[PDB]
Protein chains: 2
Amino acid sequence: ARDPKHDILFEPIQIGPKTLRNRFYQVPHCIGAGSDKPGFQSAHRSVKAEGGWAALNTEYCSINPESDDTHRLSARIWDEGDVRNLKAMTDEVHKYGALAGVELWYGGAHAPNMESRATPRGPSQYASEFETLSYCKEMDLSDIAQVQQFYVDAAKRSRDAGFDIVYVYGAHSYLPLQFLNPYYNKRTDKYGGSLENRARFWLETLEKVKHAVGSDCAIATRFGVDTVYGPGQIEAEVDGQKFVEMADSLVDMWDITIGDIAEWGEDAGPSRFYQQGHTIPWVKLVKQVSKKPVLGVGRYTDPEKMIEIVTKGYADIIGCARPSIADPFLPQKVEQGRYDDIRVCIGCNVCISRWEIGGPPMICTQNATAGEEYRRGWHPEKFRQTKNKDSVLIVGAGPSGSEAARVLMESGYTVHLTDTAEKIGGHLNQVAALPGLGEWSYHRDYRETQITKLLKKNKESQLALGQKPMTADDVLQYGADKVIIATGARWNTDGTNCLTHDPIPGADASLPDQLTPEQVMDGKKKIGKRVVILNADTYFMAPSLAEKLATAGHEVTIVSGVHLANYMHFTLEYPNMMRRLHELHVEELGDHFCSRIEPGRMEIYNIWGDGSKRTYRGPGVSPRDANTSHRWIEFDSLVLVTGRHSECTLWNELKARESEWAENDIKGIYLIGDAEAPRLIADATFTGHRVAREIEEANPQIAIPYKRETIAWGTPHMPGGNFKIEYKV
Amino acid sequence: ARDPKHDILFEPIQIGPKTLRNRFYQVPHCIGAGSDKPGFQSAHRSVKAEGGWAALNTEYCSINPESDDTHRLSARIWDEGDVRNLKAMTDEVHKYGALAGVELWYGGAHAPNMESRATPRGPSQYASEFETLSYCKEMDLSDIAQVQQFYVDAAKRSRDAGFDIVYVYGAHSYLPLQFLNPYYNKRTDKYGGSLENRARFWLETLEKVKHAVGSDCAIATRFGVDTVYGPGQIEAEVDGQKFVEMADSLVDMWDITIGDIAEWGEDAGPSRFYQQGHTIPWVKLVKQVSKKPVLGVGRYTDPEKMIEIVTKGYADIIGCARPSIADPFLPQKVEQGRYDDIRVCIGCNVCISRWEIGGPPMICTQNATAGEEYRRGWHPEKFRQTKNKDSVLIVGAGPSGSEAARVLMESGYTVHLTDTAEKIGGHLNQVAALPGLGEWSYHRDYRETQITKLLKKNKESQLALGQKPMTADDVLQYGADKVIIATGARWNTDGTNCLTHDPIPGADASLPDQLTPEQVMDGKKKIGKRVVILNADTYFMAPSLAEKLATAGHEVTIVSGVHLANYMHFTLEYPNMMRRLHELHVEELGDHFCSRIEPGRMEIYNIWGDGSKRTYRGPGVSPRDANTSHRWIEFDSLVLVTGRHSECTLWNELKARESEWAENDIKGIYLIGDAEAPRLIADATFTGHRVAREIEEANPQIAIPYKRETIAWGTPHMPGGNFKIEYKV
Ligand SMILES: Cc1cc2nc3c(=O)[nH]c(=O)nc-3n(C[C@H](O)[C@H](O)[C@H](O)COP(=O)(O)O)c2cc1C
Ligand SMILES: Cc1cc2nc3c(=O)[nH]c(=O)nc-3n(C[C@H](O)[C@H](O)[C@H](O)COP(=O)(O)O)c2cc1C
Ligand SMILES: Nc1ncnc2c1ncn2[C@@H]1O[C@H](COP(=O)(O)OP(=O)(O)O)[C@@H](O)[C@H]1O
Ligand SMILES: Nc1ncnc2c1ncn2[C@@H]1O[C@H](COP(=O)(O)OP(=O)(O)O)[C@@H](O)[C@H]1O
Ligand code: SF4
Ligand code: SF4
């Protein structure tokens, strides 16, 4: 079944003392587990091992508590307690015949150290451009020797934990790169100035780590070969290549990236800006000068692209982070020729966003089991089979409905999925037509393909699209045992918003000079020259519409009561988005909202317009002086992006008539997705996945408990430590 | 020794079936521990129990997974794993004869549920004004019964964990208050409309909880009596007093607050805006209509104010959160008449800022042991006494040096503290003179009072202020065994900033039209009419300086290459700070920085002015189109607020001459505080505290490990559960 052209992907490659079983490599990446959630870490990486990935790597792994990333979650290899938690992972990926790697990390001032409160050290004292209140101490020669010893000690504990590959991590502008890069390194001693001096710290660390564990472990390094800032930081054909020549003999394998830390969306390229293989112009520069295996991520999901870069001599190994999150069995599907079962990463970066927010576990828009493998026992490729003949009617074929259909069908149920829309995908069909978001299609392409394939396996299963809207009676009299309502949400038409929770006087999207997103995207309702987009949403909709409208020749002003595109900080889209709105001359009026709308004009006010002093003036009167900042602005068309509401009128009717359910042999009706409450596409598809996994539980409407990975009082993290309160007195 | 006037404070008061041993009450408050850090929770509350606080409450405690505050950290009472972990705290506070309380919490859409992924429910569907992407499902009567049962179950688990006081939490606009408040509740049935219908959810929940555990536990309710938004939300003389009259027979004690969730800085009132007793005008109103014990927080630190609100009949009990964080032993000190040993909270809200950031443990600017009680065994009031007669010279009497001196003197060392300054307190003496920051003085007032006190305990110790600056020779010949350099930081004079890490061409604070923060605060140098403040710092200096100058009749523009006053989001100062700048007509030009400065004018650019498309154009040329936004703006004076640098010249010289230490019998020299790296006042204070505690360690420059509270792989959180991966197949 496998096209023999793909056979190269399954040749083994020696990395130092080790052998990769094939050319599929999961580069180090955060998942929100670290050494704190050992089951999560263990399960998420081991399912990938059984899925065929040659090597699995932890995320950035702190070598010492003065590189503590709290509030974000890194791995830590500080002590014996970590060695045991991390070993859970290496044992479990070894079980399925894969290598395990750890990415040794020291952050410099980029690590805020909010747990440890320790002082970070660096080449020169600087305030981090990422963590702008975090400063570091300039290292003296002893600081340098001590921190190099941190690396050696961590490498040894890594061998103890059972790791096969040990990185010294100099990508994303972390310590080794801070020495190499003059942007940080202002020294004038033997560690500063010339390339040879600036390369010195990394070189010395490499051979010290190699000396400590090089016999048992492959020594890899992760290198940001170009900071993509131009002259002034690392350029690939200046320092980048010359450094690779210097260090080549010490490293068993090169793992290449581009970009810095403040803008690491240049590495993890959103599909909004970057296509698969976006990194190739920089990555290939390395294989030019290296004599060792190199790999370089580039959101590779397509085996034709994978074989192109290997045979064209751009890379030897296929490095993946996100592709491996979206589909842990990518390599097995390619090997077996099941190319149409490949769940393709859509480059949305919602997995990243959870880490960036600092704390929460990762989630994935494509793969609703990511982060759920251990806590709820959900294997992405294995499904409990039903022992009964229950049919299920799903009304709504959007992200949630289509996912519930797919999982149910995989579990052997008989399902009837219906929609008024002619195509599976729900609102995602409109969203993927926004400028830049075309690859978000892959979400609904995947369920379409899977659902049509699965239909052939149960002939009682039906797909009824292009339908007439289901009614309460239609549902009651349909004869399904269970019904899942996945009818979605729409954008508010009356100015209702998270700020007031009330409509705005004069807001009415049926008026000729007011549009909703849906009206804009259907492209029928005419839009005048001067557009104002009123915004109370912090994600993609208002910026995407602004771009769309400005490139169509409108003059667009966003007046935004919330921080525009805030969530796009976390997905890493923010910087290029702002640059994009800027070059399109989109005017932004932040910290303003709307008190009333008339034809062709609206009254706006500053949200900080009230008196700063609070005085008790009794009931009936505000405790602050009045907001006096109101002014009118004109528009030709007003686009309302104020919030969404659940489309649950069908559900409500069905619930009203719950008495009749039993009469009609309906065992239960459940509400999922945006029809329950508007949410991220990722979580909409999760709800469909969850009710499908749990449809035989007592109440599939509410999730059953998941395994919790929190400390049990009475059990010390330190092997053989004392857990009780002891004062140093 | 205790003033007889203060005898009331130590009278017992009966709340339901329970008796408070005195009038000091720690209301529920976050600490970044929850049920995840059982030592931290246990240690922090019990040192307060031992300090004489009558009752100690957890922070907000989730009753169910669908009210999950991740990425922030709440307590949880979901299962038996939690009652084990939380029982650790109640056992320890019981050890000291105090009551333990728990605050049962359901948040509605305000809880983003980033761990559980569950769906919140509320009175109506709204997007949270606090979590703008978080929506809830509108409850039906079945949902309503199901959620009220969550409370009952949590209250029974609480009783099992050994809690004496069980709250139904209706403050900070959480679920019970959402039903009562028309801002959220747009219902039309018997849970909406009239006050009777609106108070229905809370009354029902109080009755069921009472019925469940009211026999064994006092039943309290924490109520936001006025949303301080005026008409449209809860007003104290309208709905507030009425609801109190309705619920009065169900509750054993009223715990009263004001304000909402988006702006609970109105509750936790910063000293920048509010004084001790600021809440009284609202709190006293509940006392008018209630027959139960009432307490209402108001940053109460002064026993004179405490007896005032009790004797005037505003409150029966003294409820404190921050005062108890800054001084766990406030009750004992008042009891014993040690009034001048009280470590007064400065109302800086840095403790809060850590919880708001989401994840990190609490820290306190006054009390360097808050958060460190369990992990490093630091009791705020007990110090290990030295066995030797070592003498320590400390140069610098700022937050770090004065804390090192204080703790060293407490431990029995001979210390010589010296500064060129006339007063103890370092840079905090300038900072406390910024508009609104006068109470930040208490940090140096406290340390001045304690050092003066400790000097009498040891004749050889010495405070020398107003001195010549210490010189490397001075230190070497001084005759101290160990030396601590605590010489601070200063604001940059050359435009060096976190964005570029380099000077700005033309930046020179020696020129007559450029000022630093110190020069403005000294007030000697002349400032012209039009002032531009160039900002690259995300905390208080720029907005405070802007306030100061604007009030003095200057025209102020802040051009800010970072998010202005970003950190004040977390300290809760931001809303009222922005209103203040607004009424002072301060112009803010965000998303801009400065390429170069000339006399009377500076060139600024948009930080998003580079082209959005990245293309490899080879070395020497930027991969983005050039920023073209540069324009010149004029000023009469330019205030530079771009960053700070360590003042470590003395340190550097001493390290250069390390070979001379031994012959001068200097056993060690240590660098602490801002001189090591610029930091928050809280952490400057901590570094001094830490070297003092660890001065006999092998290397006092670097902290020794603290106890970690992370799960140990192999130990299930669920008592009797399985920790191994198990897939449901
Ligand atoms: C959720 C997430 C977290 C990441 N954290 C890390 C990390 O800990 N260490 C690291 O070296 N890179 C980190 N990365 C970057 C990836 O290793 C990788 O370079 C990026 O995802 C681009 O590769 P892709 O296009 O194959 O996803 C992270 C990426 C993701 C998806
Ligand atoms: C660090 C911190 C976290 C807080 N979290 C809570 C909480 O979980 N529950 C609650 O009801 N109030 C919370 N608050 C508010 C306090 O209970 C209190 O009402 C507020 O700080 C004002 O009281 P004070 O002036 O005595 O500090 C918190 C306050 C602080 C200081
Ligand atoms: N009564 C109905 N009958 C059939 N399909 C319906 C009905 N009401 C809504 N739908 C469909 O439900 C789907 C909901 O999709 P979507 O909004 O994407 O929600 P989600 O994100 O929850 O999957 C839409 O394709 C819509 O056409
Ligand atoms: N050479 C010196 N001799 C004596 N005192 C000094 C010397 N250099 C600086 N100082 C003092 O050190 C103190 C530093 O305090 P501060 O800046 O508040 O630092 P921190 O916040 O680290 O405590 C200042 O009061 C300063 O006058
Ligand atoms: S969350 Fe989005 S970007 Fe991340 S792996 Fe999943 S589909 Fe890809
Ligand atoms: S951190 Fe600040 S506001 Fe909080 S308890 Fe301490 S001194 Fe008070």
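Residues numbered from 1 in each chain as written, not as in the entry; some residues may be left out. Chains lettered and ligands numbered in written order. Heavy atoms only, no water.

As stated in the entry header, the method of structure determination is X-ray crystallography and the reported resolution is 2.4 Å.

The name recorded for chain A in the PDB entry is TRIMETHYLAMINE DEHYDROGENASE, from Methylophilus methylotrophus. Each PDB entry has a title, and for this one the record gives "CORRELATION OF X-RAY DEDUCED AND EXPERIMENTAL AMINO ACID SEQUENCES OF TRIMETHYLAMINE DEHYDROGENASE". As stated in UniProt under Subunit (literature references left out), the record for chain A gives "Homodimer. Forms a ternary complex with the heterodimeric electron transfer flavoprotein." UniProt's Sequence similarities comment on chain A is quoted here verbatim: "In the N-terminal section; belongs to the NADH:flavin oxidoreductase/NADH oxidase family." (UniProt positions renumbered as here; feature names shortened; annotations may be inferred.)

Draft legend 1. Just the overall build of chain A, in detail. In terms of regular secondary structure, chain A is built from 23 helices and 28 strands. Taken over C-alpha atoms, the radius of gyration comes to 28 Å for chain A, in line with the 27 Å a tight globule of 729 residues would show. Dimensions of chain A, computed from C-alpha atoms along their principal axes, come out at roughly 75 × 65 × 65 Å. Taking all 729 residues of chain A together, 67% fall into the buried category. Contacts spanning at least 24 positions in sequence make up 72% of the contacts within chain A whose residues lie at least 6 apart. Split by element, the accessible area of chain A, about 23,300 Å² in all, is 49% carbon and sulfur. The distance from the centre of the 84 positive side-chain charges to the centre of the 99 negative ones in chain A is 2 Å. (Helix = DSSP H or I, 4+ residues; strand = E, 2+ residues; numbered from the N terminus. Rg over C-alpha atoms; globule rule 2.2 N^0.38 Å. Buried < 20%, exposed > 50% of the residue type's maximum accessible area, 1.4 Å probe, protein only. Contact = heavy atoms within 4.5 Å. Areas by Shrake-Rupley, 256 points an atom, 1.4 Å probe, with all protein chains shown as cover. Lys, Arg positive; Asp, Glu negative; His and termini not counted. Charge placed at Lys NZ, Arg CZ, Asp CG, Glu CD.)

Draft legend 2. The sheet that holds strand β24 (residues 601–606) of chain A, seen in detail. Residues and elements named next belong to chain A. With respect to topology, three strands assemble into an open sheet ordered β23-β24-β25, the strand pairing being antiparallel. Edge strands, defined here as strands with exactly one partner in the open sheet, are β23 (592–598) and β25 (631–634). Across the sheet, the mean angle separating the axes of adjacent strands is 35° when strand polarity is ignored. With four bridges joining them, β24 and β25 adopt antiparallel strand pairing. For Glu603, the partnering residue across the bridge sits in β25 and is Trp632. (Pairing = 2+ DSSP bridges. Axes fitted to C-alpha atoms, helices over the stretch in contact; angles between N-to-C directions.)

Draft legend 3. Quick look at the site of ligand 2. Residue and element names in this part refer to chain B. Within the structure, ligand 2 sits among 21 residues, and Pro28, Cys30, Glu103, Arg222 and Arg322 are positioned closest to it. Take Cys30: an N or O atom from its main chain is 2.9 Å from a nitrogen atom of ligand 2. Between ligand 2 and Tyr169 there is a distance of 3.2 Å, counted from an oxygen atom to a side-chain nitrogen or oxygen. For the shell around ligand 2, the secondary-structure elements that each account for two or more residues are β4 (55–62) and α10 (322–326). Grouping the constituent residues of the shell around ligand 2 by class yields 12 nonpolar, three polar and six charged. (Near = heavy atom within 4 Å. Polar contact = N/O pair within 3.5 Å; in protein donor to acceptor, adjacent residues only side chain to side chain. Nonpolar A, V, L, I, M, F, W, Y, C, P; charged D, E, K, R; others polar.)

Draft legend 4. Examining the UniProt feature "binding site: FMN" in chain A more closely. Residue and element names in this part refer to chain A. As annotated in UniProt, the feature "binding site: FMN" corresponds to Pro28, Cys30, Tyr60, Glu103, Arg222, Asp267, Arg299, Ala321 and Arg322 in the numbering used here. Within the secondary structure, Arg299 is located in the loop between β12 (294–296) and α9 (303–311). Residue classification places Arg299 among the buried positions, given a relative accessible area of 4%. In this structure, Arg299 is in contact with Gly269, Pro270, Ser271, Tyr274, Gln275, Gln276, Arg322, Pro323, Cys345, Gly347 and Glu439, ignoring residues within four places of it in sequence. Among the polar contacts made by the side chain of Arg299, one reaches the main-chain carbonyl oxygen of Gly269 at a distance of 3.0 Å. Mapping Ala321 onto the fold places it in the loop between β13 (318–320) and α10 (322–326). Every residue in contact with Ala321, bar those within four places of it in the chain, is listed here: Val27 and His29.

Draft legend 5. The site of ligand 3, seen in detail. Residues and elements named next belong to chain A. In the neighbourhood of ligand 3, 18 residues make up the surrounding shell, with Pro399, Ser400, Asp419, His427 and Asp674 lying closest. Note that a nitrogen atom of ligand 3 is positioned 3.1 Å from one of the backbone N or O atoms of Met470. Measuring from an oxygen atom of ligand 3, one finds a side-chain N or O atom of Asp674 at 2.6 Å. Computed on the free molecule, ligand 3 has an accessible area of 580 Å², of which 88% lies beneath the protein chains in the complex. Residue composition of the shell around ligand 3, by class: seven nonpolar, nine polar and two charged.

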